[PDB]
Amino acid sequence: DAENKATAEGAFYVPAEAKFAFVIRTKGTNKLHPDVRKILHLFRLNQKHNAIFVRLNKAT
Amino acid sequence: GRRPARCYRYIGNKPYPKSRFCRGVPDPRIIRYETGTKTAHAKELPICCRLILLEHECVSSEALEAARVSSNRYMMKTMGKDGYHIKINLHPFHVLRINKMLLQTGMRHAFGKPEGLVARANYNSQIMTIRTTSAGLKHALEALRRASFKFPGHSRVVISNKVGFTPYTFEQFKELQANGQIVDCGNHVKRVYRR
Amino acid sequence: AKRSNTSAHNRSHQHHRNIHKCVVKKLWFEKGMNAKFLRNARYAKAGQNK
Amino acid sequence: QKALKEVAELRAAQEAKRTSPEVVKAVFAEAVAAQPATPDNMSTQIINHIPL
Amino acid sequence: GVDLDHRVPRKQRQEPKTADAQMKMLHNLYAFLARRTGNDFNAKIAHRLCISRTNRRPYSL
Amino acid sequence: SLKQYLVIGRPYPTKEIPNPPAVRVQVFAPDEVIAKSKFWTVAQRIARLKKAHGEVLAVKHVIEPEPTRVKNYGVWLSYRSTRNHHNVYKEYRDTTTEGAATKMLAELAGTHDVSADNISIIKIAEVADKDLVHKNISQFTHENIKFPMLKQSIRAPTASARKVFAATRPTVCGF
Amino acid sequence: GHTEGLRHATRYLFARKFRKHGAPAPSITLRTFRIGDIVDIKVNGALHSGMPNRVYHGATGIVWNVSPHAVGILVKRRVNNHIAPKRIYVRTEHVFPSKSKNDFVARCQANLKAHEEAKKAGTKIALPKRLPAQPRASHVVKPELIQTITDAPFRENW
RNA sequence: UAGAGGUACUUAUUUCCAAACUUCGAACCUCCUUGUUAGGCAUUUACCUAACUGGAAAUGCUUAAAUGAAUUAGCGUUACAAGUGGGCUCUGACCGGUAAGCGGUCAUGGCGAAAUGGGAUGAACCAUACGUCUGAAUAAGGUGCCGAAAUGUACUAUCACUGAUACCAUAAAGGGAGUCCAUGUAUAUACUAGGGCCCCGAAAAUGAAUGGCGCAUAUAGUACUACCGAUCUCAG
């Protein structure tokens with residue numbers, strides 16, 4: 001209704017941004033830069049096809 | 001004599017000018033870069049005609065003097081040293097080197113003595129110009145067609161929109177002249193900045 | 001005869017297997033420092049306990 | 001499963017508004033308004049030789 | 001395929017390497033207590049009986 | 001397949017200037033997520049508006065008023081080939097603007113051999129039969145169009161009923 | 001021809017910016033230091049007595065000695081494997097009071113301002129903390145300038 | 001480089017440059033801080049200050065209020081000893097060289113010590129790094145037959161003793177009323193801005209290799225589903 005109110009007025013309802021995400025590891029382990037597997041070890045995504053929920057802020 | 005210029009086409013070092021350090025250098029093949037009616041004007045010879053290079057590579061000094069002589073001798077034949085103005089907008093500063101070889105000590109103390117001058121081009125660098133009148137625009141294009149076969153790679157011949165060698169379009173040139181902002185130096189256009 | 005002079009290919013690898021932070025015992029270094037300062041710092045401590 | 005039936009209806013009720021004849025012609029009129037003016041001439045260089 | 005560091009940096013001595021009856025026996029007494037009573041005192045006495053003869057230094061009178 | 005999209009975006013409010021100009025871009029992409037990225041490419045390239053400081057307000061999906069009937073579509077585009085950029089006005093006959101744009105990406109990749117990375121469209125619009133000037137598409141706007149179907153297909157009427165033998169020989173004549 | 005000199009490969013380190021040649025102002029000599037203070041070493045190229053090495057340019061440390069013209073600074077160089085400590089002596093004209101802690105010390109005093117003043121009214125406290133830049137709340141936007149960006153036809157312009 | 005203005009120089013310009021030029025100056029990096037912080041009180045000093053109910057420093061007492069980024073994680077310390085001290089290399093950056101499967105460096109990765117699948121074949125490239133088995137669905141890569149899997153659907157080009165999938169196993173400058181698409185003008189027609197594909201340019205020695213057979217809608221591009229396929233992933 002907040003969306004359909006703004007269209008009838010004139011404006012745009014821009015929505016709220018996503019507060020968290022869900023991060024599948026697609027590719028496996030090897031042939032990989034050490035900064036870029038330090039970062040995956042911090043999300044606990046070590047094996048291929050693993051996932052957790054991650055909160056979205058300018059750190060993450 | 002010389003190497004084939006397929007040796008010294010692509011750029012595999014930092015640029016290496018004539019200086020204190022280089023020392024034993026032979027002078028380039030070019031002396032004159034500019035021929036025809038040099039003492040002319042922006043208004044007298046408005047039409048211009050450029051030769052643009054479509055590669056990142058080295059151009060030799062021997063190519064640039066071959067291109068001048070073939071340009072002059074066509075424009076001399078047709079119209080006869082009046083209208084035209086030829087200019088060359090590369091200057092060869094890069095010095096080449098050779099290991100010589102000619103018993104022998106090859107690849108040991110490999111650094112070599114300078115052989116010849118060269119010019120380092122950049123993708124869309126103009127390497128020649130002909131400024132002229134509308135009567136001999138036809139003759140300018142046929143000159144730069146012949147001069148293009150001198151140079152390595154491939155290279156487009158282009159009629160420019162802008163006046164003379166000045167950076168001003170024909171539409172802009174009348175507005176500034178009328179405004180009175182621009183002024184005339186002996187050759188080319190000198191702007192007036194009102195300061 | 002002519003073999004390689006050096007390399008740094010896998011210096012980084014070895015260093016990171018273990019860049020241990022060597023911690024200092026105390027901030028004062030009494031071998032250095034002004035003697036005239038440390039001379040007086042003795043007579044502060046010696047006078048206090050009596 | 002009661003709630004996700006209601007949310008399925010409300011999200012489907014928006015697609016009634018989206019695919020209505022009234023709303024679609026407004027969005028197509030916005031898309032026709034958005035497009036630029038017709039170019040007279042193609043080609044990389046126009047080339048002008050005005051005297052002086 | 002998992003990214004872990006598989007190596008062990010730290011072993012620790014769990015039971016005593018003596019082949020006595022009596023040292024092995026009263027280890028199990030204070031091991032039994034250290035578990036069951038859940039106390040810091042008996043946990044230390046249990047572990048002191050594990051450790052080698054060099055570290056058990058002779059405490060003079 | 002491609003769907004026409006209208007995307008409107010703007011820069012964030014600074015304290016110097018709250019309520020800036022927003023900007024819209026017509027884009028062609030398979031879904032809403034790709035249509036954002038095409039908007040940020042065009043907005044950055046031209047109007048100097050980056051992803052890292054800007055909102056994106058409304059991804060509107062343009063559906064057709066009627067897909068029931070056929071329309072002519074002029075497509076003004078530039079496409080880039082090594083050593084030069086060319087401007088071309090090409091046109092097509094189709095049910096929708098998207099299906100015309102999907103046609104020309106195949107036709108440029110076919111005829112000229114350039115991908116959708118190099119191509120950059122200027123203008124799509126529907127066009128009347130009077131203003132239409134290209135001969136091969138003008139013939140379909142006339143009355144009394146006959147062409148035969150020379151070269152029939154041999155396919156299975158359903159994929160169950162295919163076979164790799166036959167007693168009689170198939171006839172592939174138009175008739 | 002690699003050389004291991006004292007002042008080697010420092011053409012542009014000990015250069016003096018641009019229109020900042022000459023001796024420094026005498027306000028610099030009037031400044032004071034203490035033990036425990038965080039200080040950054042950056043060099044005057046002019047003043048040659050009691051420089052640091054080239055390596056400890058732009059390098060934060062802690063003061064441990066103070067002496068008539070000069071300050072003993074403890075600085076953590078990274079050796080090969082491990083981060084060694086290094087006891088420098090260096091003059092005060094290459095040494096400035098660093099603003100590393102001034103973010104932290106601002107917050108502690110700002111917290112005590114909040115923690116006391118909550119009790120003064122009292123009332124009841126909300127707890128402030130630092131937080132990375134976060135995704136935005138929903139809200140509604142009316143503009144009244146909407147341009148329509150398109151790609152133009154390409155023209156050479158030479 | 002090349003003209004103009006002044007009394008060969010010189011004042012403004014202009015064509016075009018520097019690893020051992022700099023008046024500006026990124027990206028990528030680097031280093032420090034982020035829990036205890038503000039005080040107040042009175043002993044000690046041969047030190048500092050003109051002076052002590054000051055400074056400087058360390059000893060204790062204590063007045064307030066809290067655990068004050070994200071994500072992750074147990075951290076610290078010692079002893080004894082093996083092998084090693086010929087390396088090679090993909091992708092980028094670089095020095096020398098006409099160049100090299102050449103010589104010498106740099107950053108991450110790989111091989112060496114890493115199987116299996118894919119690139120017909122290959123230490124190094126792609127997917128992935130492995131207990132013994134039984135399935136499912138995939139990755140790289142493929143689906144005329146050899147060969148497991150659509151000669152799949154939709155849309156554009158192509159006739160040539162020719163073309164055919166990264167690293168990769170070679171081809172350029174320069175031409176063509178071959179064909180398709182095409183820009184601007186003039187009067188169905190003349191003049192061309194060009195672009196692909198195809199042809200020419202294009203010659204070596206045993207008989208010869210898109211992997212072979214062969215194909216010509218099994219060739220060149222584009223889009224979207226289904227399907228086969230590793231010791232990966234998942235289930236037992």
# chains A, B, ... in the order shown; residues from 1 in each chain; ligands from 1
$ interface_residues --of "chain B" --to "chain F" --cutoff "10 Å" --atoms "only C-alpha atoms" --output "CSV table (one decimal) with C-alpha atoms, in the first residue's frame"
chain,number,residue,atom,x,y,z
B,54,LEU,CA,46.1,3.0,-36.2
B,55,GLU,CA,48.8,1.1,-34.2
B,123,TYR,CA,47.2,4.7,-31.2
B,124,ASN,CA,45.6,7.6,-33.2
B,154,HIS,CA,48.0,0.3,-41.4
B,155,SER,CA,47.0,3.9,-41.4
B,156,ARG,CA,43.9,6.0,-42.2
$ closest_atom_pairs --of "chain D" --to "chain F" --cutoff "8 Å" --atoms "only C-alpha atoms" --output "CSV"
residue,atom,partner,partner_atom,distance
D:19,CA,F:63,CA,7.8
D:21,CA,F:65,CA,7.1
D:24,CA,F:65,CA,6.1
D:25,CA,F:65,CA,5.7
D:27,CA,F:62,CA,6.2
D:28,CA,F:62,CA,6.3
D:31,CA,F:6,CA,6.9
D:32,CA,F:125,CA,7.3
D:34,CA,F:26,CA,7.5
D:35,CA,F:123,CA,6.2
D:36,CA,F:123,CA,6.4
D:38,CA,F:123,CA,7.7
D:42,CA,F:87,CA,5.6
D:43,CA,F:87,CA,5.8
D:44,CA,F:86,CA,7.0
$ interface_residues --of "chain F" --to "chain A" --cutoff "10 Å" --atoms "only C-alpha atoms" --output "PyMOL selection string"
chain F and resi 8+55-58
$ interface_residues --of "chain H" --to "chain D" --cutoff "8 Å" --atoms "only C-alpha atoms (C1' of nucleotides)" --output "PyMOL selection string"
chain H and resi 183-184+193
$ residues_around --residues "residue 1 of chain C" --least-positions-apart "3" --cutoff "12 Å" --atoms "only C-alpha atoms (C1' of nucleotides)" --output "PyMOL selection string"
(chain C and resi 4-5) or (chain H and resi 86)
$ write_last_selection --atoms "N, CA, C and O atoms (P, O5', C5', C4', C3', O3' and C1' of nucleotides)" --output "PDB file, in the first residue's frame"
ATOM      1  N   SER C   4      71.680 -19.840 -10.644  1.00  0.00           N
ATOM      2  CA  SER C   4      70.891 -18.674 -10.220  1.00  0.00           C
ATOM      3  C   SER C   4      71.526 -17.914  -9.053  1.00  0.00           C
ATOM      4  O   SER C   4      72.215 -18.500  -8.215  1.00  0.00           O
ATOM      5  N   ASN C   5      71.267 -16.609  -9.012  1.00  0.00           N
ATOM      6  CA  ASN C   5      71.874 -15.699  -8.037  1.00  0.00           C
ATOM      7  C   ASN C   5      71.025 -15.597  -6.776  1.00  0.00           C
ATOM      8  O   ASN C   5      71.550 -15.646  -5.661  1.00  0.00           O
TER       9      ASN C   5
ATOM     10  P     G H  86      72.995 -25.006  -4.129  1.00  0.00           P
ATOM     11  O5'   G H  86      72.328 -26.232  -4.900  1.00  0.00           O
ATOM     12  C5'   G H  86      71.046 -26.118  -5.555  1.00  0.00           C
ATOM     13  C4'   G H  86      71.204 -25.890  -7.040  1.00  0.00           C
ATOM     14  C3'   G H  86      69.896 -25.729  -7.816  1.00  0.00           C
ATOM     15  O3'   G H  86      69.955 -24.671  -8.772  1.00  0.00           O
ATOM     16  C1'   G H  86      71.182 -27.452  -8.778  1.00  0.00           C
TER      17        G H  86
END
$ residues_around --residues "residue 38 of chain A" --least-positions-apart "5" --cutoff "12 Å" --atoms "only C-alpha atoms (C1' of nucleotides)" --output "list in words"
residues 29, 32, 33, 43, 44, 45 and 46 of chain A; 3 and 4 of chain E; 71 and 72 of chain H
$ closest_atom_pairs --of "chain H" --to "chain C" --cutoff "9 Å" --atoms "only C-alpha atoms (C1' of nucleotides)" --output "tab-separated table"
residue	atom	partner	partner_atom	distance
H:43	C1'	C:48	CA	7.6
H:44	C1'	C:48	CA	4.5
H:45	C1'	C:44	CA	4.4
H:46	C1'	C:40	CA	7.6
H:47	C1'	C:40	CA	5.4
H:56	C1'	C:37	CA	8.9
H:57	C1'	C:41	CA	6.7
H:58	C1'	C:45	CA	7.4
H:59	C1'	C:48	CA	7.8
H:86	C1'	C:3	CA	7.5
H:104	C1'	C:4	CA	8.4
H:105	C1'	C:7	CA	8.1
H:106	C1'	C:8	CA	8.3
H:107	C1'	C:9	CA	8.9
$ residues_around --residues "residue 104 of chain G" --least-positions-apart "6" --cutoff "10 Å" --atoms "only C-alpha atoms (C1' of nucleotides)" --output "VMD selection string"
(chain G and resid 110) or (chain H and resid 33 to 35 37)
$ closest_atom_pairs --of "chain G" --to "chain A" --cutoff "9 Å" --atoms "only C-alpha atoms" --output "Markdown table"
| residue | atom | partner | partner_atom | distance |
| --- | --- | --- | --- | --- |
| G:131 | CA | A:57 | CA | 8.7 |
| G:132 | CA | A:58 | CA | 5.6 |
| G:133 | CA | A:58 | CA | 5.1 |
| G:134 | CA | A:57 | CA | 4.9 |
| G:135 | CA | A:17 | CA | 5.6 |
| G:136 | CA | A:17 | CA | 5.7 |
| G:137 | CA | A:16 | CA | 4.8 |
| G:138 | CA | A:16 | CA | 3.8 |
| G:139 | CA | A:14 | CA | 6.4 |
| G:140 | CA | A:13 | CA | 4.6 |
| G:141 | CA | A:12 | CA | 5.4 |
| G:142 | CA | A:11 | CA | 4.3 |
| G:143 | CA | A:11 | CA | 7.3 |
$ atom_distance --atom1 "atom CA of residue 38 of chain E" --atom2 "atom CA of residue 13 of chain E"
19.8 Å
$ closest_atom_pairs --of "chain A" --to "chain E" --cutoff "9 Å" --atoms "only C-alpha atoms" --output "CSV"
residue,atom,partner,partner_atom,distance
A:28,CA,E:1,CA,7.5
A:29,CA,E:1,CA,6.8
A:30,CA,E:1,CA,8.9
A:37,CA,E:3,CA,8.7
A:41,CA,E:3,CA,8.0
A:46,CA,E:3,CA,5.5
A:47,CA,E:2,CA,4.9
A:48,CA,E:1,CA,7.6
$ write_last_selection --atoms "N, CA, C and O atoms" --output "tab-separated table (two decimals), in the first residue's frame"
chain	number	residue	atom	x	y	z
A	28	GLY	N	35.59	-24.46	-5.57
A	28	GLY	CA	36.32	-25.21	-4.54
A	28	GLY	C	37.54	-24.49	-3.99
A	28	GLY	O	37.57	-23.26	-3.94
A	29	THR	N	38.55	-25.27	-3.59
A	29	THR	CA	39.64	-24.77	-2.74
A	29	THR	C	40.80	-24.20	-3.55
A	29	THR	O	41.18	-23.04	-3.36
A	30	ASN	N	41.37	-25.02	-4.44
A	30	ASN	CA	42.74	-24.81	-4.92
A	30	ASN	C	42.86	-23.74	-6.01
A	30	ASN	O	41.85	-23.29	-6.56
A	37	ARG	N	41.27	-16.51	0.40
A	37	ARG	CA	40.86	-17.66	1.23
A	37	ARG	C	41.00	-17.46	2.74
A	37	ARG	O	40.47	-18.26	3.51
A	41	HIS	N	37.53	-18.30	4.98
A	41	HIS	CA	37.68	-18.88	6.32
A	41	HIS	C	37.01	-18.05	7.43
A	41	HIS	O	36.62	-18.60	8.46
A	46	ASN	N	34.43	-23.20	3.88
A	46	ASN	CA	35.71	-23.83	3.55
A	46	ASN	C	35.58	-24.87	2.44
A	46	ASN	O	36.38	-24.89	1.51
A	47	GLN	N	34.57	-25.72	2.56
A	47	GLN	CA	34.23	-26.70	1.53
A	47	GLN	C	33.41	-26.06	0.41
A	47	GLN	O	32.80	-25.00	0.60
A	48	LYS	N	33.40	-26.70	-0.75
A	48	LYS	CA	32.53	-26.31	-1.87
A	48	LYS	C	31.06	-26.65	-1.59
A	48	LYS	O	30.77	-27.65	-0.92
$ residues_around --residues "residue 128 of chain G" --least-positions-apart "4" --cutoff "12 Å" --atoms "only C-alpha atoms (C1' of nucleotides)" --output "list in words"
residues 107, 108, 110, 111, 112, 113, 114 and 115 of chain G; 66, 68 and 69 of chain H
$ write_last_selection --atoms "N, CA and C atoms (P, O5', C5', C4', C3', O3' and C1' of nucleotides)" --output "PDB file, in the first residue's frame"
ATOM      1  N   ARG G 107      36.212   9.625  22.092  1.00  0.00           N
ATOM      2  CA  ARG G 107      35.060   8.764  22.397  1.00  0.00           C
ATOM      3  C   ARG G 107      34.901   8.470  23.890  1.00  0.00           C
ATOM      4  N   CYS G 108      36.006   8.167  24.571  1.00  0.00           N
ATOM      5  CA  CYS G 108      35.985   7.874  26.015  1.00  0.00           C
ATOM      6  C   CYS G 108      35.438   9.033  26.850  1.00  0.00           C
ATOM      7  N   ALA G 110      33.605  11.548  25.493  1.00  0.00           N
ATOM      8  CA  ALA G 110      32.224  11.663  25.004  1.00  0.00           C
ATOM      9  C   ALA G 110      31.274  10.627  25.617  1.00  0.00           C
ATOM     10  N   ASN G 111      31.790   9.434  25.923  1.00  0.00           N
ATOM     11  CA  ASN G 111      31.014   8.408  26.632  1.00  0.00           C
ATOM     12  C   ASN G 111      30.732   8.797  28.080  1.00  0.00           C
ATOM     13  N   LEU G 112      31.762   9.242  28.800  1.00  0.00           N
ATOM     14  CA  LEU G 112      31.595   9.755  30.169  1.00  0.00           C
ATOM     15  C   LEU G 112      30.660  10.965  30.257  1.00  0.00           C
ATOM     16  N   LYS G 113      30.650  11.805  29.224  1.00  0.00           N
ATOM     17  CA  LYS G 113      29.652  12.873  29.108  1.00  0.00           C
ATOM     18  C   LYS G 113      28.220  12.331  29.012  1.00  0.00           C
ATOM     19  N   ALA G 114      28.033  11.264  28.235  1.00  0.00           N
ATOM     20  CA  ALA G 114      26.735  10.586  28.116  1.00  0.00           C
ATOM     21  C   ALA G 114      26.354   9.782  29.364  1.00  0.00           C
ATOM     22  N   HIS G 115      27.311   9.031  29.913  1.00  0.00           N
ATOM     23  CA  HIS G 115      27.056   8.133  31.051  1.00  0.00           C
ATOM     24  C   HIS G 115      26.721   8.891  32.342  1.00  0.00           C
TER      25      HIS G 115
ATOM     26  P     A H  66      27.092   3.472  33.159  1.00  0.00           P
ATOM     27  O5'   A H  66      27.624   2.053  33.653  1.00  0.00           O
ATOM     28  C5'   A H  66      27.495   0.868  32.839  1.00  0.00           C
ATOM     29  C4'   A H  66      28.669   0.733  31.892  1.00  0.00           C
ATOM     30  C3'   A H  66      29.108  -0.697  31.584  1.00  0.00           C
ATOM     31  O3'   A H  66      28.342  -1.234  30.506  1.00  0.00           O
ATOM     32  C1'   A H  66      31.004   0.629  32.132  1.00  0.00           C
ATOM     33  P     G H  68      31.517  -4.605  24.538  1.00  0.00           P
ATOM     34  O5'   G H  68      31.490  -3.082  24.072  1.00  0.00           O
ATOM     35  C5'   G H  68      32.693  -2.400  23.668  1.00  0.00           C
ATOM     36  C4'   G H  68      32.353  -1.025  23.146  1.00  0.00           C
ATOM     37  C3'   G H  68      33.548  -0.122  22.827  1.00  0.00           C
ATOM     38  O3'   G H  68      33.999  -0.113  21.462  1.00  0.00           O
ATOM     39  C1'   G H  68      31.752   1.059  23.929  1.00  0.00           C
ATOM     40  P     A H  69      32.996   0.155  20.225  1.00  0.00           P
ATOM     41  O5'   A H  69      32.474  -1.308  19.868  1.00  0.00           O
ATOM     42  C5'   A H  69      33.121  -2.116  18.869  1.00  0.00           C
ATOM     43  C4'   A H  69      32.470  -1.892  17.525  1.00  0.00           C
ATOM     44  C3'   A H  69      32.302  -3.135  16.656  1.00  0.00           C
ATOM     45  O3'   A H  69      31.104  -3.834  16.987  1.00  0.00           O
ATOM     46  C1'   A H  69      33.374  -1.466  15.396  1.00  0.00           C
TER      47        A H  69
END
